[PDB]
Amino acid sequence: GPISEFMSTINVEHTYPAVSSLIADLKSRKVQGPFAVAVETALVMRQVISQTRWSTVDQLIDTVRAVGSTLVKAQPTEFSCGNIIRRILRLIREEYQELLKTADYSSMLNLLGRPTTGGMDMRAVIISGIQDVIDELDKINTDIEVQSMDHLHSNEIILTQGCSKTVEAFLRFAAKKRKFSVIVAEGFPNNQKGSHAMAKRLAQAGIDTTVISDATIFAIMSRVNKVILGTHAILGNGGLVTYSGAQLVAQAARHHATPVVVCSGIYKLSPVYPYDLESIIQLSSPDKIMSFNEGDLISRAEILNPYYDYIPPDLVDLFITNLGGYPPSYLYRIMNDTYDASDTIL
Amino acid sequence: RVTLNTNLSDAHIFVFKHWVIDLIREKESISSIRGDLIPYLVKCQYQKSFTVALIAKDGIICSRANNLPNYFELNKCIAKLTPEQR
Amino acid sequence: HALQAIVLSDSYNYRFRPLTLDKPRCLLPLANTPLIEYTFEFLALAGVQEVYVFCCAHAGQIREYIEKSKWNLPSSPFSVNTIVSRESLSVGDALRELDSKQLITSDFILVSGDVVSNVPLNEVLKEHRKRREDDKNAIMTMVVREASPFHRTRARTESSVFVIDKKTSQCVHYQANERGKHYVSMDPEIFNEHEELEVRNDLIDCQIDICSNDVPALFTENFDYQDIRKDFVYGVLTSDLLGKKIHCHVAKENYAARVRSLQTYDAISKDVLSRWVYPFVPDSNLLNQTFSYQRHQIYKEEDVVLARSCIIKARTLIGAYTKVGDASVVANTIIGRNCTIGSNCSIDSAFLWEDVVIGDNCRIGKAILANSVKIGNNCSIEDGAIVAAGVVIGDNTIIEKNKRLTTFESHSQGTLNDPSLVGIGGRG
Amino acid sequence: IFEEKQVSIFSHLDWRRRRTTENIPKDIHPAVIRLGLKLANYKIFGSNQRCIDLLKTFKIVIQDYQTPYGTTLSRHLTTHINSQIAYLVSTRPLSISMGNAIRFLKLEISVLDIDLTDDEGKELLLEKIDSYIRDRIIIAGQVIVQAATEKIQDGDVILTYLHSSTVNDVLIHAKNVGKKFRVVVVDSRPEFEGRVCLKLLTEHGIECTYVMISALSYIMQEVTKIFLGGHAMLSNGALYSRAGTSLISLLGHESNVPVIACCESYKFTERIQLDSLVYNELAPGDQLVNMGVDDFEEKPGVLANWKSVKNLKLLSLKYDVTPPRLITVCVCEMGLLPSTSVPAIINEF
Amino acid sequence: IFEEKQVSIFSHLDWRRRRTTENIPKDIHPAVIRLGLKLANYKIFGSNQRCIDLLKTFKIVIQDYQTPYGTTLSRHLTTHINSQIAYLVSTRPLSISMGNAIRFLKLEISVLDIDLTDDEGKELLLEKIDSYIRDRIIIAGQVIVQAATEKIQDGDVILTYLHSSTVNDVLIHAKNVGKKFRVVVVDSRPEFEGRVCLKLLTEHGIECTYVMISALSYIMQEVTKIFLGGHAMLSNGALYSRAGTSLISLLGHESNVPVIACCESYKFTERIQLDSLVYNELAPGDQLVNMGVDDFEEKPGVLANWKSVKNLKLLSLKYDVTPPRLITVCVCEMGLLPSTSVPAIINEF
């Protein structure tokens, strides 16, 4: 249930100019990547709550859900958007339920038991909670980088792929005291340029950085102490939507008994169950792996360039989040305390 | 794609396959090794009883120190040759 | 930087003219998306803030779409206005007229027809700008795309020989590639002031030109100029315009091409099914469709029901609400919304637009069927066909070899009803 | 002497190359010089083709060899060739194929009958070199091609990695004899040898799909069979081939795809490596510098000055060792055998 | 600097100890001192008893604790406590059970909201120390015992490693309720706690077999069940116990034998370590000198002067991280749960 219904296009444009501009930029890939989409969505939601007028909590909920449904459809593999929505949707619901009775266990026992002003100018409170999200989205790299003194130790060898500001902040923080080594597999073709830049920044911090091709990942794996990866999103089954080639690191690590550590903020955690990987994996342009000026080659061969890679939930050993370090088995409880499990489908 | 250069002059340094002297007794209104050079032709009908791959010729361009005095560069080449102290 | 662009629609309108009788050319769907939208997305990417669309044939329906479009909204990156002038405009005519209005402010983008591209012209502009900043007699820089000479996307028009100063990137020679022209004749004077030149037969002439504010006035003057390449470029080079310089920007990434021919329409469209012009790809759903990408480059909208024992093969796009019959084959084919394919058919390398109905036991291939066309049963169609504006074909008929149908009043053959051509619904 | 092995894991790998004929010894045969230049400057030059050109070069070297007054032909020809080898080694480390053929040639020289005159000795050596190329390389290769193309069933989707003359000839021959299939060509950095393969395959009209090794997971779900051309088979059954070949085999295993290694028996070695670092070959880290999907076309890279940059090192290994448990079958001229049968085949000579 | 992280993979482990009271700080309570000696000397007690004695000592600390009237009870009791802790951790690194009881006490130091006469203040405090000792340790232990005992069947051959209070209580209780079984005690160097176990279990009339950890593979073929006591249970589901415990669980897994971890809830931790080397406790290297059959019988050893010998280093870790996949079930007072559900329990407190 989107916002194309319950509102016209010109009404959306006038009432919610941010929604219109976010839809356009999500489709045009202008706003891109987990963090950029998270922040922008949260700001757009601040406008939605500020502009929208309702007398009932339910109107507010479905209004947000509708805007959420539309923003999601704009760019569905940027899970960061919907997560911010689901976060606010829950924020609305229990701000309501404590306002519900200031005016005074298990789901297994629900099978046996009892059958069967609220909504407006909690806006001022809602907007505050939205700002609380903005603040938390800033502390992610700081809340995570600190934990590097419990896993990164001197003379250890670490393998990383592509580029992750989280992982980078994680490494460099430990690196300003302890001296270790990092092998950076570039994320060719996609995370290529970014990883080289990160590799240089690491070396400038004195971390003894080695840049290898993606085909070298297995060969050096035998001497690696630990794998530390970033991710684009964490799905409902605890799986990993991450950047291209990351399964090469994952599979090779499991084959060499090397632990896989994932550094990610909780906001990248999405309840979307991967009933599929085909709908998950997006494909960029073949231009990245093959030049268009190869006239004979491009007219005679299927040329594919996946943007993402998937990693099964049981290939990750540890999640380093802003909340702390947790096993993949605990992601279940992380969600049920963050989203409301009815907004899983937006 | 072809790169054009009138910035270049021949250093009269050449090295040929052996059969090029079999391209120097029989065919010969040939001139000068710079008259020679051009009619290698690698393209079109080019009929002229060749004997055997496909023919090919490469150029190589330096950065410094190589040219020749046929003209009065002798004045300049001589001047150019004073890399000495004592 | 306030940037503007001039889009010459209606230009190649005559090429697609069994079509372009109901709709205009710029409203024709490439892959279930009107060609004008690709142009708009490209300009929006370039950072254009002001758009002028020259048009005539169905200029009303064009102006209507633009009025009801994505680009008439408050969020729209640019402001699109339309210009209606007497049909069959040459590029010069539009530019001369453009001068009489003093519409052109600063540097602008000039494209003819419809352009499908993802090349960010941002850096091409700054290159063009700073080049003018030092010398103002540089009036145009042509965006061209690197390629191979025999390249598939490099056609008759795109096949041209360029000679560019390797350091200044200034075009000192241009000549279109015609048959019977066996040579490249340069005036030896170029060589004593440009000295590492590069002769290039590998380029794709996209004819996406970044012109300066002088150019409209320069077309008022030299009133004999009609084609932007044939006359203007030739003029600057052979010095009809005395002191002007033009440059090339050979792009080495992305995509650029224009939909001008019927064959280019086919070429570009499948270059679009391949992810060559990302994110401008069917499953990006810019006009709020519901496309999804699947392996072997098949694109499907929602609400599409497939019969079992149906075989949709590679490079196939299916619009929403489209149904396919039992034991039918669809391979490498564009299909629009609300089509219905009969059972036991074979469609290969064809084009089906909205509301097209196909009977049973049909052999369709290499063909364009325009909206609302309905085909009977056991009817065979063949390559080069084009069936426009709801032309109806009845049971047991054969159609072939580039024949262009219409339901209208003009030159191409054919009319509607039961068995058509022959048993004609018009007689001629 | 280079003895200093330090913390870096790659420190032991020999990095010194010779790309020009500057200060070359005067006892180096002209044919060897040309081979040496081709060795360190070519880019696609098959391990088989390397060995063939080496043996044909040694033929010219031997033919023109005139034994001195200070020794008989047997003792000094090995010395003269040792000089040719040392020079060739300096240009680029010897392949297992080249190393094996060298051990072969050195042997036959030592088992040369002394009663033979020098011209009879040279004539015989050239006979055996001719027989080595004919049997161990060419005919063996033909047998592998036919034996391996046998396993290609109609409807198969064959994955190949980089540019393997063996796998290429198998796929092409499959197309010729009438096999209906398609191919997935997996390529990789720093050098896209897979495009050379893609060009060759498409020129023969073989339906192909082209992806990078990072897209392996995605494209693996379409693959029915994997064909690998080997540089060498280890005596423990492990496959020693280029680059990401182990990654192809590993992900191929997870998707239940049969990994088929095609390798001529003359490239079987008695060496057994446990990891992929002990015996490998360094490639210039400068290859990793310029990244935009081309080898020499130029535009400045972020890592251009990496040699000057402290703690920033670039490197690309040419080979790795795929564990024997990831290889399904080894296809040689002896037929389809379990890869652990390599040391058994060696004794059969 | 106070730091030394070098090429030694054991360089970071805290080796500094306090064996005597010399120069002992003045503000340390007598009961704390004697506890410091026994912690640093005894071979006889582990985490469970360590925690009990720690708490009972701290009651004596707080009971004898006198309030200064420049401040009062809430701000300064936590500082005096911190002094006793700092001394104790210098005699021996704190156990997880001790550290968790410390966070408990420190938290309850603060939450009393500037209320009471101090004496009442002391009065409650000892209460939930009394109650913490009651509920979290003793009562919970009894729950674990009966939960574990009912998993024992007639004819069981049960393996216990070392000397564990919890597991010993389970076995003793089991024979008391009349279960027919025999116990396999696995011991290890340097000190042999399995003897104390064997001594105890045979004095309660239980059939016992005694082997060293080297004979694990052999004796495992008789074992039907394995019972383990834990120093701590990690949040990733891993078991953190004595140095040889993972080997017990590993070989037990290979023989299809259930691995049963018995741990009180308060010994659960938020900590997650991926190897046994980052978080551990160093035991004196001189312990490894004694030639084997006995300890502290004074036998010299070839290795006795190892401190003076270069490149010779003796080492004995006290603890061991057993991966979650090797633990079959975790038995706490919450019942029999998958070990992976540890961080869930920490939320239910």
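Its PDB header names X-ray crystallography as the technique used to obtain the model and reports a resolution of 2.9940 Å.

Our next topic: the overall build of chain D. For chain D, the helix and strand inventory stands at 10 helices and 13 strands. The C-alpha atoms of chain D give a radius of gyration of 22 Å, which matches the 20 Å a tight globule of 349 residues would have. Each principal axis of the C-alpha distribution contributes one length, and for chain D these read about 65 × 55 × 40 Å. The contacts of chain D with a sequence gap of at least 6 include a subset with a gap of at least 24, amounting to 78%.

Turning our attention to the overall build of chain B. Scanning chain B from N- to C-terminus turns up 1 helix and 1 strand. Taking 86 residues into account, the globule formula puts the C-alpha radius of gyration at 12 Å, and chain B, at 17 Å, lies well above it. Viewed in the frame of its principal axes, chain B has a C-alpha envelope of about 60 × 35 × 20 Å. Burial analysis of chain B (86 residues in total) assigns 3% to the buried set. Accessible area of chain B: about 8500 Å², with a carbon and sulfur share of 59%. The distance from the centre of the 12 positive side-chain charges to the centre of the 8 negative ones in chain B is 6 Å.

A few words now on a nonpolar patch on the surface. Residues and elements named next belong to chain B. Taken together, the side chains of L41, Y46, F50 and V52 present a nonpolar region at the surface, about 500 Å² in accessible area. Here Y46 shows up in the loop between strand 1 (2-5) and helix 1 (74-80). According to the relative accessible area criterion, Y46 is partly exposed, its value standing at 43%.

Glancing now at the interface of chain C and chain B. With 10 residues of chain C at the interface, the matching set in chain B holds 7 residues. Interface of chain C and chain B: buried area, both sides summed, is about 850 Å²; carbon and sulfur atoms make up 42% of it. Considering only the surface of chain C that becomes buried against chain B, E195(C), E198(C) and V199(C) emerge as the three largest contributors, covering 49% of it. Close ionic contact of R1(B) with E146(C) constitutes a salt bridge, the shortest N to O distance being 3.7 Å. Taken together, chain C and chain B are joined by 6 residue pairs in polar contact. Of the residues forming the side of chain C that touches chain B, the biggest block, 5 residues, is contributed by strand 9 (residues 196-200) of chain C. Taken together, the residues of the side of chain C that touches chain B sort by class into 3 nonpolar, no polar and 7 charged.

Let's shift gears to the nonpolar core. By size, the foremost hydrophobic cluster in this structure holds 192 residues, and its most contacted members are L159(A), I109(C) and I208(C). The greatest single-element share of this core, amounting to 7 residues, is contributed by helix 1 (residues 35-46) of chain C. If we ignore the near neighbours within four places in the chain, the residues touching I109(C) are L3(C), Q4(C), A5(C), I6(C), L43(C), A46(C), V48(C), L121(C), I208(C), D209(C) and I210(C). With 41 residues, the next largest nonpolar core counts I3(A), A38(A), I49(A) and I130(A) among its residues.

Counting along an α-helix, one turn takes 3.6 residues, and residues three or four places apart therefore face a common direction. Buried residues of helix 7 (residues 193-203) of chain D: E193(D), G194(D), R195(D), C197(D), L198(D), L201(D) and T202(D), and no others. Of the residues one or two after helix 7 of chain D, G205(D) is the one with positive phi, at around 75°.

A separate point is the sheet that holds strand 11 (residues 329-332) of chain E. Residues and elements named next belong to chain E. Judged by pairing direction, the sheet is mixed, and its 7 strands sit side by side in the order 3-2-1-4-7-11-12 without closing on themselves. Bordering the open sheet on either side are strand 3 (207-212) and strand 12 (335-337), each of which pairs with just one other strand. Pairwise comparison of adjacent strand axes, ignoring direction, gives a mean angle of 25° for this sheet. Summarising the sheet, strand 1 (residues 156-161) and strand 2 (residues 181-187) pair through 6 bridges and their orientation is parallel. Along strand 2, the bridge assignment pairs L159 with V184. The sheet strands contacting helix 5 (residues 118-149) are strand 4 (225-229), strand 7 (259-262), strand 11 and strand 12, and the helix crosses strand 11 at an angle near 140°.

Moving on to the side chain of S11(E). Residues and elements named next belong to chain E. When you line up the elements, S11 lands in the segment before helix 1 (30-41). There is a polar contact of 3.1 Å between the side chain of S11 and the backbone nitrogen of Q6. A polar contact of 2.7 Å, which involves the side chain of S11, links it to the backbone oxygen of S8. Beyond its immediate chain neighbours, meaning those up to four positions away, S11 contacts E4, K5 and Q6.

Inter-chain contacts occur across 5 pairs of chains; the most extensive set of contacts lies between chains A and D. The closest approach of any C-alpha atom in chain A to one in chain B is 13 Å; the two make no contact. At no point do chain B and chain D touch; the closest pair of C-alpha atoms across them sits 14 Å apart.

On the surface, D113(E), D115(E), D119(E), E120(E) and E123(E) cluster together into a patch of negative charge. If you trace the backbone, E120(E) turns up in helix 5.

Glancing now at the interface of chain D and chain A. Contacts between chain D and chain A engage 55 residues on the former and 48 residues on the latter. Taken together, both faces of the contact between chain D and chain A bury some 4400 Å²; the carbon and sulfur share is 66%. The largest per-residue losses of area from chain D upon contact with chain A belong to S214(D), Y218(D) and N311(D), which jointly make up 14% of the total buried on that side. Taken together, the links from chain D to chain A amount to 2 salt bridges.

Sheets are built from strands that pair by backbone hydrogen bonding, the pairs being arranged parallel or antiparallel. Residue and element names in this part refer to chain E. Spatially, 5-6-10 is the arrangement adopted by the 3 strands of the open sheet, whose pairing is antiparallel. Every other strand in the sheet has two partners, leaving strand 5 (232-233) and strand 10 (319-322) as the edge strands with one partner each. Each of strand 6 (239-242) and strand 10 touches helix 9 (residues 245-254); the most contacted strand, strand 10, lies at about 35° to it.

Residue and element names in this part refer to chain D. In terms of residue burial, strand 4 (residues 225-229) counts as a mostly covered element, since 5 of its 5 residues are buried. The alternating pattern of strand 4 places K225, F227 and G229 on one face and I226 and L228 on the opposite face, and all of these are buried. Sheet topology places strand 1 (residues 157-161) next to strand 4; 2 bridges connect them, and they run parallel. Bridged to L159 within strand 4 is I226. Looking at chain direction, strand 4 and strand 7 (residues 259-262) are connected through 4 bridges and run parallel.

Taken as a whole, this structure holds 28 aromatic pairs over all chains when the rule is applied. On the basis of an interplanar angle of 80° and a centroid distance of 5.3 Å, the ring pair of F292(A) and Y255(C) is categorised as edge-to-face. Of the two residues, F292(A) is situated in the loop between strand 7 (260-263) and helix 12 (295-299) and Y255(C) in the loop between strand 11 (245-251) and strand 12 (256-259); the pairing between them involves two chains. Here the aromatic rings of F219(C) and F232(C) are separated by 5.2 Å at their centres, their planes lie at 20°, and the arrangement is stacked. Taken as a pair, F219(C) in helix 5 (residues 214-220) and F232(C) in helix 6 (residues 228-237) lie far apart in primary sequence, 13 residues in all.

Another point: unusual backbone geometry. Note that the residue after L421(C), namely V422(C), is joined by a cis bond; omega there is 20°. Here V422(C) is to be found in the segment after strand 32 (404-405). Positive phi is not limited to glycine here, since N23(D) has a value of about 50°. With respect to the helices, strands and loops of the structure, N23(D) is situated in the segment before helix 1 (30-41).

All names here are of chain D. Here the domain parsing of chain D yields domain 1 (1-143) and domain 2 (144-349). A straight line from the C-alpha centre of domain 1 to that of domain 2 covers 26 Å. Residue-level contacts link 27 residues of domain 1 with 32 residues of domain 2. Where domain 1 abuts domain 2, roughly 2500 Å² becomes buried across the two surfaces, and 53% of that area is made up of carbon and sulfur atoms. Taken together, the connections running from domain 1 to domain 2 amount to 2 salt bridges. With a shortest N-O distance of 2.9 Å, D295 and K43 are connected by a salt bridge. Inspection of the region where domain 1 meets domain 2 yields 18 residue pairs in polar contact. Of all the elements in the fold, those that place two or more residues in the side of domain 1 that touches domain 2 are helix 2 (47-64), helix 4 (96-110) and helix 5 (118-149).

Criteria and cut-off values
- Residues numbered from 1 in each chain as written, not as in the entry; some residues may be left out.
- Chains lettered and ligands numbered in written order.
- Part of a larger assembly, values for the part shown.
- Heavy atoms only, no water.
- Helix = DSSP H or I, 4+ residues; strand = E, 2+ residues; numbered from the N terminus.
- Rg over C-alpha atoms; globule rule 2.2 N^0.38 Å.
- Contact = heavy atoms within 4.5 Å.
- Buried < 20%, exposed > 50% of the residue type's maximum accessible area, 1.4 Å probe, protein only.
- Areas by Shrake-Rupley, 256 points an atom, 1.4 Å probe, with all protein chains shown as cover.
- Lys, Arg positive; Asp, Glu negative; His and termini not counted.
- Charge placed at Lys NZ, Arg CZ, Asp CG, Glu CD.
- Patch = residues over 30% accessible without salt bridge, like charges linked within 9 Å, V, L, I, M, F, W, Y side chains within 5 Å.
- Salt bridge = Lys/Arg side-chain N within 4 Å of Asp/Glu carboxyl O.
- Buried area = accessible area lost by both parts, 1.4 Å probe.
- Polar contact = N/O pair within 3.5 Å; in protein donor to acceptor, adjacent residues only side chain to side chain.
- Nonpolar A, V, L, I, M, F, W, Y, C, P; charged D, E, K, R; others polar.
- Core = buried A, V, L, I, M, F, W, Y, C linked by side-chain atoms within 4.5 Å.
- Pairing = 2+ DSSP bridges.
- Axes fitted to C-alpha atoms, helices over the stretch in contact; angles between N-to-C directions.
- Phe/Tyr/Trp six-rings, centres within 6.5 Å; stacked < 30°, edge-to-face > 60°.
- Domains from an automatic or database assignment.

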